[PDB]
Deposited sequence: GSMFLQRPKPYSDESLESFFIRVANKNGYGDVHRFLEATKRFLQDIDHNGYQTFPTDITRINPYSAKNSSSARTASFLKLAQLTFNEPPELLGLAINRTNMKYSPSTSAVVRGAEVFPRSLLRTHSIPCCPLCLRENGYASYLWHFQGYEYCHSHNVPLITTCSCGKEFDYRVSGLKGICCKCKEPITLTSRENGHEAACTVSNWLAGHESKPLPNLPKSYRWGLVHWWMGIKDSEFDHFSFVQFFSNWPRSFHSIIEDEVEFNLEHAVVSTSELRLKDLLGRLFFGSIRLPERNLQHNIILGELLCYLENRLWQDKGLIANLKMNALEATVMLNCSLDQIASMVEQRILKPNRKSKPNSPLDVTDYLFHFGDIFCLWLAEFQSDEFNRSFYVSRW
């Protein structure tokens, strides 16, 4: 097997790249190519040929169950061996990552770009028929919810043929022809266009100029705020009023929960007053306060309200689990700060990972004294007050 590389595009999906490789190298379709590629890897005894996928919908390493590192080893070998000139193959693939988006969503990565798993499309993947016909390849952005309009042609992406059959370019090809009726697939909220342009990485006021992974983070965050599908209109609205618009969400959240508080003030946990908002904002995907503007604003608000109302904020209860996520440290690290005299529990008996033994004020001052990094530190939000 020896292949001509197609014209490289840095925004091409991995599936589109393989489709073009198949088309331009005389294979009948991508499936025949993937089967021939698996046979090639078997003929050179590359460990991992057994799990090489022949289903174009399962090609990315995130789709591998147990063989994700055999998959990346395979792409590396193919890149380094089977082309006249080596293509960028690994850089187009969507891999799993270790990162999380708060509170508990997993994530994936392509190149240097991290995405919440909640945004990774599970079923049919849409397309822009204008992009396919004019460019001859598919964008990786079509794999991710939130990107609902083509930022270059300013029209909504298309999911289904007018005949009713869903059009997935991965299965039906880059020519944009419906598999069932054999007709060419054929086609304006500016807010949708604004956030699509922003997601693509371009300046789009009033949305903030953050690294790409944190833009996807804000989409995930907004979804959680509303507990529903991403609403482009209220998102743009929100940022057109930033940061006051967020100061109102915080204040309104505290005042509602404090009033609906049925337990004693001394028994109030941080989760009871600011649960959703605080623990939903810590990793978007990380705690870099130049980039995680939600956490920066929240922490600036909390430092400056710390000791008001005889320590309302400072006294809010937390457990060891919550402190570890706050501080980005291990439970074992927490135990060592409590057995020594650095972290002091409220109830002085003589560590339940889950009992609410600590006070926000103590954990906050512990962060300052022991857990600031070059990215996650007070100096990056003091200008927000």
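> What are the missing stretches of the deposited sequence, listed from start to end?
Replying inline: Missing from the model are residues 1-2, 190-194, 358-361.
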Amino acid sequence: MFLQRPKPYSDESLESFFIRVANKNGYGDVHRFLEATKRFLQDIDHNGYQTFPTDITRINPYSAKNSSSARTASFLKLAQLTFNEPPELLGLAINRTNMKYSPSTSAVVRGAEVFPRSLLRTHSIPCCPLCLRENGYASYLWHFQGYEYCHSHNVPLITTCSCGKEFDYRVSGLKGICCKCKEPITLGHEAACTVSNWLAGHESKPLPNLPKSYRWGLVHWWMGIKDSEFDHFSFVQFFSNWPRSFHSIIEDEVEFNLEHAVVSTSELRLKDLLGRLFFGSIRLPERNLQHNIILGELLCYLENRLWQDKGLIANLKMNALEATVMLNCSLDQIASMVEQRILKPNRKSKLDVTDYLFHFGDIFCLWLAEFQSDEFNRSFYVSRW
From here on, numbers count along this sequence of modelled residues.
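> Averaging C-alpha B-factors over each stretch, which comes out higher, 292-300 or 73-81?
Replying inline: The entry gives the higher C-alpha B-factor average to 73-81.
> Which of the two stretches, 44-52 or 29-37, shows the higher mean Cα temperature factor in the record?
Replying inline: That would be 44-52.
> Out of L207, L141, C163, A93, which one has a C-alpha B factor higher than all the others in the entry?
Replying inline: Max CA B-factor in the entry, restricted to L207, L141, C163, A93: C163.
>> Quiz for you: based on the deposited Cα B-factor, which of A200, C131, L218, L258 is highest?
In response: Checking the PDB record, the top C-alpha B-factor among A200, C131, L218, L258 is at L258.
> Can you tell me which third, lowest, middle or highest, the CA B-factor of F246 falls into for its chain?
Replying inline: It belongs to the middle third of the chain when residues are ordered by C-alpha B-factor.
>> Using only modelled residues of the chain, where does the Cα B factor of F358 rank: lowest third, middle third or highest third?
In response: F358: CA B-factor falls in the highest third of its chain.
> Split the chain's modelled residues into thirds by Cα B-factor; is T324 in the lowest, middle or highest one?
Replying inline: As the PDB entry reports it, the C-alpha B-factor of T324 lands in the middle third of its chain.
> Lowest, middle or highest third: where is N346 by C-alpha B factor in its chain?
Replying inline: Highest third.
>> Quick check for you: using the entry's CA B-factors within this chain, is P103 in the lowest, middle or highest third?
In response: It belongs to the middle third of the chain when residues are ordered by C-alpha B-factor.
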